[PDB]
Each structure stands twice: as C-alpha cells, then as structure tokens.
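Here's the structure we're looking at; comments come further down.
Chains as they are written, first to last, in the authors' numbering: chain A, 33 to 243; chain A', 33 to 243; chain B, 61 to 239; chain B', 61 to 239; chain C, 49 to 273; chain C', 49 to 273; chain D, 1 to 26. A prime marks a further copy of an entry chain.
Written as structure tokens, this is what we have:
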C-alpha cells in the first residue's frame, strides 16, 4: 500500500501562475474521490484522470491518513526569476488555484513568502523542477481523506479537517506550472471503509481476441 | 531562539541595480522594528512585512547581537555578466539602496569591488543565487539592534553603532535583485528588554466557526 | 447490558435496506434508553473515550429463513451515505444473523477517532463549529430478505443490547440534561 | 464536597432559634443541591446505609461576635420537637462556631437507625406505611446572639458542605425522579 | 487487523452474485453459470453495483494469477434438503442441457441439509504462468463517447477473453417440507486464494458511481449564505 | 539568566488585566470573567496595550498546548478580609447570576487575610492534543483597509473560537474596617505552565504600536543641518 | 442556487445532515 502511494500522481497539467494574485494554492491532501471528474459538472483546473489512479482507488478505502506528502512542482520556464513555494500549516480553510488573500490588488510589497512562514525557491535557469516535503502540522491525530459531499456547507471547523495546510506558489512574471503529489516516507493510513459502489465501461472501447 | 533567527527573512523584493551608481548598499543588521512599515510614512525599497516576521519580533526583545549574518542574494537574470558583492567593515555610516560614493558620475574605472576590500562574484548563467557570510568586523563588543527613533540626528559615532558594516552589490548592466537575511552559526543575542507596547487587528479579517 | 429499541424485519424488506442505524454515543443518550444509568456520567463530563460491546438477539421461527448483517463505521460524520452497502459492511468489522437458527452476535467496537476525545453534549454556550456525540456509526442491514411458509408470519423481531467495556471521561462540569 | 443553601445569621436572632434544619438524606436529594452528582445513585437504588461528613464555613468580621452550634439527632422521625434545645445539642455530637474568629467545624455522622436500611424514595406504587428518606436530623441553632459595632453589619453568613464517607446502596430498580 | 498489501484486501470475502434454487428445478439444470475472470464481470455490457474486494483491487493491475476461492451460502433451514455439484471447467465449455460434460471436469458435490454452506477452491490451470487483464490499461474516454470501429482499432490493447467457467447443477432435486418455502436464495462469495498474485500497476477499471462531487474553494465559492 | 527558548519567555509572569472588589459586591457576583485564549485577547474588537510575554510569543506560532498558570495579587492590607472562588470552566459556560454552575467545575477557594496572593494552574482539557491559533497565519492588510464579506471569505483560515473561561466570584462579601478603603484592585497575571508547548512558526499577531519610524540613509538624507 | 448546500427538510435533521430516522437514503 505504502509502495503504491509513494509513486507520483499528476494533479495540475500546465496551469497559469499570475503575479496579480497572492499565489496558486495547493491543499495538502492525497489523491482520492474528492478530486474525481464527473461528466457534466463544472470545469476545474484539476485533471480528469486523478480519480482512476491506483493511489486514488486505495485512498477511497482509507478515511484516515497521517504523516508528510511530497510535491513535485515543474515551472515551464528557463528564466532567472525565483518562484517561491510557501508552506502554510493547518489554519482551517480549504482552497485551490489563484486567490487574492483578503481581496487586495497588490502583493509584491506584501508577499506570502516574505511574511515569516517556511519557504523554498525554484530558479528555472538552474532547475525548473523541485521536490518539497510538507509536514503534518495539524491539531488533529488523523487527517480526514474524503467526505460524502465535498461541496456541502456544514460545520466550518470540521469542513477544513480534510487538509493539513496549503502549498502556495508565487511567481515574478506570468508563467505556467505542473504539479505531482505522493506520500512521504513518514506516512500512514488507517480506518478501512471497504469498497464503494462503482461503475465501468472499459469493455466497449476494445475488440475481442476473435476480431 | 537561534533556530528561529537562522531561517531566512526576505528584505528587498525585485529592486533595481543601476551601473551609474557605486552599488546597492545593504546595512549589516538583523530584521527588527527598525525596518517596520507604518501606514502613512514615506515609501521605502524595504518590504512592508519585515516587522511582522518571527525573527523581527524576537530581535525587538534583544538590543545586543554579536557574530555573523548570512545574505541570500538572487539576481533576476541568465546573462554571463559578473555581479560583485563587496563587504565593507564598520566605517561608522548607515545607508541603504543605490548611492554615488563621493557624488561622482562614473564608477566603472573606480569600482568598489576592485579597491582592495573582500569581494565575491555572482555569474547568473551558472547560478543567479548566492549565500555570503559577513563577519563581525567592528570595534564594539556588541552591535545595537534598534533605537527608539531611527531618523533622530544624535551623536554621529553612536548613530552608526546599529550596523557592523555594509554589503554592496554592483552590476555591469541594469538588472533587478532580491535579498534575504539570516543569522550565522557563530551568532549570539543578549540584553533582554522585555515585550513592547503592541497592537493587532487580525480578528476583523476572518469569519468565526459559527459563520 | 442495556437494551435499546426493537427492530422489525418483514418479508417486504429487500437486500441493502437499513433496518436501523445508530450514531454513538448521541443516540444511546438522547433517543434510545434515555432513562438508563449508563447515561449518568455523560451529564457532568464534556469529553471521553469509549469502547463498546453490542449483542444482538433474533427470534424467527424454524419455517422462516433470511440473513441480516450489522457492521460499524469509525468516524462516520459526513461519510454515512458512502461506503454504506452490504459489501462495505462485509469488509468492515461485522456480525451475521441467520433468522431461522437464531444465533447471537457480538460487535466489539474500539475507539478510532481523528481527535483525542469525542465531545459528549451540545450546549447553548458551547461552540457549533464541532458537531458532538458522534465518533462512529452502526448499521443494521438486510443481507438476504425474510421469507416464510404458507400462512406463516410475515415478520420477526431483533433486539440490540449495548455496554461500555472501557468508558473513560474527562473535563468535569455542571450537570445538564442530555440534548 | 457539595455545598447546600446559605444560612443568614442576624442580630435579631435569639438563643435557641433554629437558623436551619435538614432531614437527611431527603433534603439533600429533593431541596438542597438537587442537580448534584452525589444524588445520582439514589434514583435507581431503593435502600442504603449512609455515613456523612458536614463542614461549616462562617464569615463574620473582627468587630462582630457570637456563637452558633450545629448538632445531629439520630432516628429523629416523630421526635424533632423534643430534646431540640441548645442543651440537647451540647449533649449530642456537635460543633461550635465562633462568628468573629471564623473557625471551621466538621460533623462526622454515622448511620444509627432502628432498621437495617433507610428507604431512599417515596413512590405512587410504594407503601405509605413507612415514611422514607429520613434516618437523622441536623440542627443549626444560635448559642449566643450576633452583635456588631456602631454602624456595623447587622448580619453575616454561614455555608454548609456535605459528603458521604460511606454510602452503600441496595435493591436495584428502574430510575425515578427524586420526590 | 488493517490490510497492509493489495493481496490482503483480495483475501476479504465479497458477494459476487445470487441465484434461486427451487423444487421445480429438474436434475442437470444450470442453477449458476459464469466466466471466472477477475478483470471484467461482463465482456458484452456495462457493470454498475457493489463489486467484490478482489475484483476492485485486481482492476488496479494488468496481470493476475493463483487459485480463486468460492463460498456458496444457502439461505435455508434444516427442513430444506437436496444435492448440487460445483464444477470448474477449463479450455472448452459444456452445453447447458449436457450435465455429463460438467461432471468430467474438476467437481465437488455438496449434500445440503444441516450444513448450509460449502467452500470451493478453483485451481489455476492455464497455458501461461500469469493472465493479463481483459480491461484496458488506459482509457481517456470520460464523457461516454459514442464508440466506433476506428476508436476500437486505436485501443490500448486487445481483450484476451477467458473461456474458463464455474457452474452449479442440480444432482438431486430440492425436496423441502410443505410447511417451509419451496425456493431458496444462494449467495455466491469470492476472494483470491492464499497464493493469489497481482502485478503491473495501471489505470483503475472501476471508479465511484455514487455521490461524486469535485472540491471547490472554501469559503470563497459562495459558502457565505 | 537570559531566555534561551520561546518557552522560557512564556514562563515569565505578565499582567493581563485588573478588576475591583468592594464591600458592595454581593455573593455569587462575577468580579472577573474572560475566555482563556492565548491566541487572541478579543474576538470582537481591536487590542492595543502591553500584552503579556506568553501571549506575545504565542502570537508567533500557529499551535499551542499545555496548562496555563494564573496569579491573583490583591492590592490590600491586613485589615481587608473576604473570600473568592476561582473556577476553570470547560465546553459550556455558566450564567452570570448562577454561581452554582461555576462551583460544579474545577475550583479553588481563596481566603483573603494576611496572605494577599493566590496561584492557580488551569488544566488543559480539550478534545485535541494541541489547539490551533485563532489569529491569522498571514495578513497582507497593512493600511487598515475597510473589510467586507468577500475579504473575510478569502481569509487564510477560519477562527476556531474557544468557549473555555476562568471566572472569579464572591464567596464571602468583602468586610474591611471603616478606617481603610472599602474597594481594592486585584492584579491578574498569567504565564505558560511548566509543560507549555508551541509549534508552527507564522506571521506575528502583535507588532509595535508606539514610536515606529523606518530607517533612512545616514548622512545622505538631510542629516547635515 | 447550488443544491448541495442545504438538504431538503423531509430527509434531514436540524443540523443539515441526513436524519437517522430517514432510512430510504440508501
């Protein structure tokens, strides 16, 4: 199980970073049914094939997880500008994508990476890729993997328990990135829920051995 | 305390280096209330969030410090031009930003990096980032952290005791840089002053757990 | 041991149908067996850890036949409507009741919660940010429908009983009525 | 320890005047400190033996002066109006409170009853032939009246606290509200 | 007690299917009949329901091998009586009416009475050491696209459909007493054997079909009512 | 003697608040009442003043745990006399007029007389091992921007406001001599316990509010008079 | 508006979750 979960899963495919915002938020949680695409729903920045990965299928069975996750971020550039990756601990929110923190229209004078929080820089001219390990900085014993309804407006403190923090990417100029995620070495799963109700249509898009 | 102070604090966010000047001066002193932004005052090259960092909050309690500081300088370029970082010992002044030394209009024939002082070069094509450690080259036992009024015109020798020297960045052509600072391994703090009078308004920019 | 409400199993009941479900400890305090002396410490203490044991006793006749399953889901708040089938029940810790033989079944339920303690009671002064009194869910589900003979009984009954094997309480306060 | 109702001692109070009296356990169940967790076992059990300890805490100022006596009468049912003076109190097990010094006093009360057990609660179904919940009486009486200085306070307060040193219960039953 | 590997999850018993067995069912009649393929339940139609743990987990891998275990729980009482024969058939399959063809293979006859359950290990007998999965390794179709022959021609692989089957036939006709039910349901469980193996991680065949909602930004995305 | 860690600074006693206790104050009256949260002093208004060392330092961290110590110094003389009861209340709070609700919790009764000070350890009893900070981890608002619901909706986190309180009620009414003052001030100190913990470095909640001037270039920037 | 936000009154309890009484949810 741990061996399966430690291989990388691709989250975001060539998504824009914009310097008008604070940064691109990544909620610290493993791949699961929470990030599953359904035919008809609103278009998100997330990829459609996260739900059908081996790890997502495994994480659908376990509702608890503890330990660190590892994020492989690739910046589509060869410039000398530093792109900062800031770690936020468990504050109680759950967001993703570009966001203006406290709805301001200027963040170069008040960057998130120069507030006090733990930060690491990428220099694409040297190396466009990085691998960063985020800790289990939360009050709870276990982090909740999934809910029955991800968009339900219930008790706000319990709503944020599905994440252990955030990972915020902030550029200098407009540039694209791609993001993977995997389990750390120090990582556990528990609270086995068993297999859910499922569907498949793989048969239809393939010939048989008898033409 | 030492563990907190050894993490980097971002000072300058994408500030211009101009070859018409001697170089961009950085006064050798840790982050504190001295570099704190106040709503209404004149706009400086310094970032606004230096005052609210963990290290700045710690350094507000201790008025003495001894040992080395470490400066992470990133040049926003991928060119083959060498950018020199010259160390100046404790001369008795306290300046920052671009300055023409002795108000001349030409410094390529008389560079600060080729005068005799200790210097180190950055070659952005190889590596746009560097980390340099500046020594405690001063006559005094301790360096003064802060004053009650930073802009007060008092005894000139005592005025300069808040720094232990300078760090001057000189380019070939016009280019931008970003600067962090942290405490060295050989570093101490002393002369505990206790907590000052403070204010906060963090409550106002957040919802409660009951909507 | 303390008995809770009776469960009616009919011939109309299909596979995967919930006969009964219990959010614990909430439902054993303020719905089922409200006048039980088991509920007395919950009045005063605010926090606690709870390991339970649930016995089930069925009484169907020899000419009847069917299968019932009871399972436990740990930390089930906002995850009761998923992984809630007969197949999920067979995976998780469970017992199986044959309705003809009338075999007894005992569910040993440990404390598996994402926090250290579970909150015992809600209150007007207390926060609404944390929904209290729920660290787990119990489900009683039909595995195979009840069947009967010619001119036979179209239903039979099951009775659950609960007890705390290890109920530790923490954070003493003034006594309050339960919910 | 569980506190009960406050006692007011005034300058008007004469010698031999009852400041307060308690028929125990009845009055600690269904009048004084009714929401106490000490009263929880009395709901279910019908019989019991009870040994108590009662602490008294006075708070009068240094310019005041007076004397109060608290005593116990064992098996006092239909004998509360006789041998009920200050002199009878001084004979029986007692404590003496000086209202200026504010010395504490502790009454150790054993179980001395003409039957094996005392009945805990009355009920509609239960017999009226035996009056339950009374194996003893406590009396708080003025020994010497309260006095005060010029323009001084004309009253001061005493607070009793009770606890069961040995409370054995017998005869389990369904839980009922106390009186 | 929690599972450590995928093989530990495959060792959990899971209800595949159910079939009825009545007094009307004559001798040699197929009560049950299925292709034993943990890759796909059907080759010729869509599946939707509660798949067994061993099938769910086998969907994550391109290869599988080892014996498969079965368990036939008869939802009955003491007064029900009869006999059936479970038969694992290899290479070639039997006719529905020809019981003798099923009897020639690897069989286990179960006498129903007081005992209302029977276990059956299915031997792994193939030409290869492992079997490749009948389902696809990668399927980019997300929005139920209307398939054509060009789409099938440009598939990831070719489906090697299994001909191996298990069947349950009537040996002795069910003869219950008049007082009890004439027909009974039989629950068919399955799991991977003690030497069940899996290899070659791939896209999952199965995916949640109930209460699937993608995450949104809390509280920016209209959470404040 | 200098502090080596942040926890050493948290172990310094600091004056939180002050309250008056007079002879007019009837029994069961709340002399003191506050939510014990080292994250924020107020949830519903701005703070400005001399914050305690343990609050200042806790402002640097996202998480805190362990018991909190209190000390109640009564600014009085020998001729003052009375009794109060300190009560740590958990989960649910008491009514202002209902003293009995406060008495049911974790209490310490102090008899004021010759001794004019009392210590009180507040036990840490929560559902979690650590508590997250009520204040923000990052706040880019520098120029006192007029807040709206959109700004709050796009905050860093959600404030988990504490319901845990400490209260001080009158047991025996204060009865000083006529020669001395009828009312006395009571100084309420606080510090972190011996097992007080902090974790998760963040932006500081508190920042200097008095004599804040940014540095300028000496002597270029008009120092020569 | 978004229908996931609030459950209908017949199926749910006061807290805006599926009621324990409402068996037909499955």
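Just so it is clear, CB atoms sit at the ideal spot from N, CA and C, and this is done for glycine as well.
Note down, in chain order, every chain F residue with its Cβ under 9 Å from the Cβ of residue 51 of chain C. Of the chains in the structure shown, none is chain F; the protein chains are A, A', B, B', C, C' and D.
Among A:126, A:154, A:155, nearest to residue 177 of chain A - alpha-carbon criterion: A:126
Short Cβ contact (8 Å threshold) for residue 214 of chain B with residue 71 of chain B: yes
Please determine, among A':68, A':34, A':102, A':165, the residue with the shortest C-alpha to C-alpha distance to residue 262 of chain C'. A':68
How is the alpha helix (DSSP H) around residue 188 of chain A' delimited, first residue to last? 188 to 191
Tell me whether the segment 68 to 87 of chain C and the segment 139 to 159 of chain C touch, counting them as touching only if at least three CB pairs, one residue from each stretch, are closer than 8 Å. yes
Going by the beta-carbon positions, is the gap between residue 45 of chain A and residue 176 of chain C' smaller than 8 Å? no
Check the Cβ of residue 268 of chain C against every Cβ in chain C' and list those closer than 9 Å, keeping chain order. 198, 201, 202
Extent of the continuous beta strand (DSSP E) run through residue 238 of chain A: Neither: residue 238 of chain A is in no beta strand (DSSP E) and is coded neither H nor E.
Please give the ranges of any beta strand (DSSP E) in the segment 138 to 180 of chain C', keeping only runs that are unbroken, at least 3 residues long and fully inside the region. 154 to 160, 165 to 170
Just the C-alpha distance for residue 93 of chain B and residue 242 of chain C, rounded to the nearest angstrom, thanks. 45 Å
Under 8 Å between beta-carbons, which chain A residues line up against residue 211 of chain C'? List them in chain order, please. Within 8 Å Cβ-Cβ: nothing; residue 211 of chain C' doesn't reach chain A, min ~12 Å.
Starting from residue 148 of chain B', trace the alpha helix (DSSP H) in both directions and tell me its first and last residue. 146 to 151
Leaving out the 5 sequence neighbours to the left and right, which residues in its chain are closer than 6 Å to residue 162 of chain A' when beta-carbon positions are compared? 105, 154
Give a yes or no on whether the minimum CB-CB distance between residue 187 of chain A and chain B is below 8 Å. yes
Of the listed residues B':193, B':217, B':203, nearest to residue 84 of chain B' (C-alpha basis): B':193
According to DSSP, is residue 5 of chain D part of a helix, a strand, or is it coil? coil
Count the CB pairs spanning the segment 104 to 124 of chain C and the segment 227 to 247 of chain C that are closer than 8 Å, and state whether there are at least three. yes
So with CB distances below 9 Å, who are the chain A contacts of residue 139 of chain A'? By Cβ distance, chain A contributes nothing, its closest Cβ being about 24 Å from residue 139 of chain A', past 9 Å.
Give every residue of the same chain whose Cβ lies closer than 6 Å to the Cβ of residue 108 of chain C', excluding the five residues on either side of it in the sequence, and list them in chain order. 252
Pick out the complete beta strand (DSSP E) segments inside the segment 85 to 130 of chain C, 3 residues or longer, and give them in chain order. 95 to 97, 109 to 113, 116 to 123
Measuring alpha carbon to alpha carbon, tell me which of C:116, C:63, C:129 ends up nearest residue 169 of chain C. C:116
When DSSP labels each residue in this structure, what does residue 220 of chain A' get in the three-state scheme? strand
Exposed unless 16 or more other CB atoms sit within 10 angstroms - verdict on residue 6 of chain D: exposed
Min CB distance residue 187 of chain B to chain A' below 8 Å: yes
Less than 7 Å between C-beta atoms, sequence neighbours within five positions excluded: which residues of the same chain meet that for residue 161 of chain C? 129
Assign residue 103 of chain B to one of three DSSP states: helix, strand, or coil. helix
Are the beta-carbon atoms of residue 55 of chain C' and residue 270 of chain C' separated by less than 8 Å? no
C-beta atoms of residue 150 of chain B' and residue 128 of chain B' nearer than 8 Å: no
Would you identify the three-state DSSP class for residue 155 of chain B', choosing helix, strand or coil? strand
Run through chain C' and tell me which residues come within less than 7 Å of residue 63 of chain B', C-beta to C-beta. 151
List the endpoints of the continuous alpha helix (DSSP H) containing residue 212 of chain C'. Element bounds for residue 212 of chain C': n/a, residue is neither H nor E.
At a Cβ cut of 8 Å, what residues of the segment 156 to 185 of chain C' count as close to chain A, listed as they run along the chain? 176, 177, 178, 179, 180, 184, 185
Contacts around residue 139 of chain C', its chain only, beta-carbon distance under 7 Å, and the 5 residues preceding and following it disregarded: 211
May I ask you to list the residues that DSSP assigns as paired with residue 78 of chain A? A:44
With a cut-off of 8 Å on the beta carbons, I'd call residue 197 of chain B' and residue 140 of chain B' a contact; round off their distance for me. 6 Å
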